[PDB]
């Protein structure tokens, strides 16, 4: 029994990590998935890795024209959207003294601005009864060295779920934020050394009660819950999938 039989889903940043794992499980559950991202190469590989009911679209969420084009493709092909997973994101570690206007803009364009407009332009296609999902982060409720702009961006993403819960209740659409903890993705690697990238995993595992970094498939599933009708009476929440990290 497929928990998303025939639902159409749109996943932003679906060619890697969380989005990709969520794309797999979604397809596995019988959905049609549009994976969105910038890298052509990784979009195709993802589309291959999934093998079914996926189309891969190239689009930069910081660009209004790329998003307009995305949603045009969505209507040609699947017509409406049951589930939206605003999951594009990135981090640059910089402390307060190091913050430049460009760093601020780079961080907030993809993480917040981009997000905002991907949900805005999906609106005409969203079916009433639809579920939207925003990826924030445990960073949104913590004070971490050099996460200044990223944490603040993610805190802003969670706030958008509250607001959109109010603005869209009139169409029976649920907007929810998922806040991953430490999930094993390329995002840990890309913040230089791969010796000191394992320092970062060992640290976040030490910190988390469950004593391990999360798997992307475990975030996929939590997102699947909020996507499914099992979460039919769940709106506006912040779901922590962090092994207990923020829960003490």
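Numbering follows the first chain given and starts at 1.
- Modelled in this chain, residue 196 is nonetheless unresolved in at least one third of the other entries of the protein that span it on both sides.
- Compared against other deposited entries of this protein, residue 187 counts as often unmodelled, lacking coordinates in at least a third of those that resolve the residues around it.
- Unmodelled residues of the deposited sequence between neighbouring positions residue 191 and residue 192 number 1 to 3.
- Of the two stretches examined, 218-226 and 55-63, the record assigns the greater average C-alpha temperature factor to 55-63.
- Across the two stretches, 158-166 and 130-138, the PDB entry reports the greater mean Cα temperature factor for 158-166.
- Across 70, 28, 200, 182, the entry's maximum B-factor at the CA atom is seen for 200.
- Out of 100, 118, 176, 95, the entry records its largest CA B-factor for 118.
- Sort the modelled residues of the chain by CA B factor and residue 109 lands in the middle third.
- Remark: residue 149 belongs to the lowest third of its chain, ranked by C-alpha B-factor as recorded.
- Annotation for residue 83: CA B-factor lies in the lowest third of the chain's modelled residues.
- In the deposited entry, the Cα temperature factor of residue 1 sits in the top third of values across the chain's modelled residues.
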